[PDB]
Amino acid sequence: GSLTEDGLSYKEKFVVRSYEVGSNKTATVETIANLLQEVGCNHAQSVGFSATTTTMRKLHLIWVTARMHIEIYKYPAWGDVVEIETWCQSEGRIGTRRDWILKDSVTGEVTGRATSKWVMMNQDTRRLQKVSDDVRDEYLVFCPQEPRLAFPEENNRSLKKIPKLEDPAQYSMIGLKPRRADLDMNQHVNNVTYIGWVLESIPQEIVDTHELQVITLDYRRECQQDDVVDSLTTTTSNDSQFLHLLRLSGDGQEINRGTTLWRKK
Amino acid sequence: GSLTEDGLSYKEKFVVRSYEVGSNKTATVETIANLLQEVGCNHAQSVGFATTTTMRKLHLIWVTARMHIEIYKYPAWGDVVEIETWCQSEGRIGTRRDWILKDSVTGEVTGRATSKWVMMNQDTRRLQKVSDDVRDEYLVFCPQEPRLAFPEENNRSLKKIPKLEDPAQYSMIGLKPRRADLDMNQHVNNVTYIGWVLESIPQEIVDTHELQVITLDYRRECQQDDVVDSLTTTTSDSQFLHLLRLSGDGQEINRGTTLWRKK
Ligand SMILES: CCNC(=O)Nc1cc(C)on1
Ligand SMILES: CCNC(=O)Nc1cc(C)on1
């Protein structure tokens, strides 16, 4: 729970809780996602945000997720101490980037890593806008000046166009609804719930024999508190790959589209 | 994260996480419920468990029968909350687990909980009366004198809960658990039932009142592939009667009561 020596990144340690683990006695993908969100919120708070800046609050602007990419090598067990390091970076006028590094506190080894793309949006009109110079200045003094990427790769999985799932979907999970636990302090559906909804259409047999290694997820539209989501999946592929689609049950309005990679246990 | 000086209770501190808070910027009832479960699991682990040597041999496990939680002040995001838990025996009826919620800064009691646990065979799901051999290995970790978080004889935690009669005033149907709701043994987490109970409370009541008390009976377990209907009726401060039942046959899984205060 502290900024690093240069104040250009934040570090936090977590002990994995009993209710945070799944069938394999290891932290669920949603627990990891929540832990990334927690270390990110505290980083924004430790430098004077609320993650809006002074100019963003004046112009009724907020940061919204556009893409999420998480890769796990080892899921921490119940009781294990995991340490996460996060940092923000500017992507010119497209928006901002937030990266994460997951580590084992005992061995120091990197057991996972994440990256997210954030676009600026007017709170009310919901219209995405390009980042102005005045706002870009207010967050550049908290970002590393040299590019520091959790996924440095010359042609990585985090920056690839995701196709649209064509009907009929191989697998599906219908009538998914958020509850009050899924909503945040601003009554909006938590970004992590969409990850959990995406994986609900993965069959229970794949979950019992494989471990989720990678998950890329695009956030096309928000699901309202009183909305109902349909989760769709199709095997595309020792490794399994799937195409995903979250859409509103009625009109079929797309809210999310993603991909997952799984490996044998 | 340590047993107290006498080793007859466990204490643990928690910093309230950003995703654990609701609209009012304070910890949700399910976050508190999860924090009670966490401190309870660690207490069982710190003493060698929550099944025991003879319980494993007989294919026996502890199941919740009743939950009673009272909150006076919900902790804010960033606040440090300290919980103290302890186990006690209830003859051969079962076991009891109590909790005390406190503010780490002021030391004030901001909440308290109590739960009744029944002995069940994991396979046949039959309730077994607790034997003398298992009560001996459980008594060495319990206070010998009765220590009750709700000492009031015949209070809100020990009262018969009636069955909600149709038509329910409010309802929330088609509730389903996801993988996040299942525990390491693939069973639906006890806290999900609390959240499902409160889903039938209207959004207007939540926006103007705070949940002060919640008593909840656990009649039957909801399977991974099951669908629940949540029912509520105002009986009254606001009071409600609750009923969780399976969507199809209407099989009762839970019944409870909630008390709310104006903000
Ligand atoms: C400054 C706040 N940062 C975030 O909210 N980060 C995340 C991470 C995930 C996952 O969802 N939100
Ligand atoms: C020894 C394990 N104790 C519990 O599981 N306690 C709880 C508390 C709540 C709530 O649900 N389970």
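Residue numbers in this text run from 1 along the chain shown.
For this deposited structure, the header notes the method as X-ray crystallography, 2.9 Å.
Each Cβ is built from the backbone N, Cα and C atoms, and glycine gets one as well.
What Swiss-Prot records for B:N185 (among others) is active site, and it gives sequence analysis as the kind of evidence. Other C-beta atoms found within 10 angstroms of the C-beta of B:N185 (active site) number 9, with every protein chain shown included.
If you look up Swiss-Prot, you'll see B:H187 (among others) marked as active site. Sequence-distant neighbours of B:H187 (active site) (same chain, 6+ apart, CB under 8 A from its CB) are B:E221.
A simple way to gauge crowding: the CB of B:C222 (active site) has 23 other CB atoms within 10 angstroms, across all the protein chains here. Residues or ranges marked as active site in Swiss-Prot: B:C222 (among others).
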Note the 17 unmodelled residues between B:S236 and B:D237, then tell me the distance between their CA atoms, whole Å.
8
In Å, rounded, how far does the Cα of B:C222 (active site) sit from the Cα of B:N185 (active site)?
14
Across the 5-residue break in this deposited model, measure the distance from B:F49 to B:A50 using their CA atoms, rounded to a whole number of Å.
5
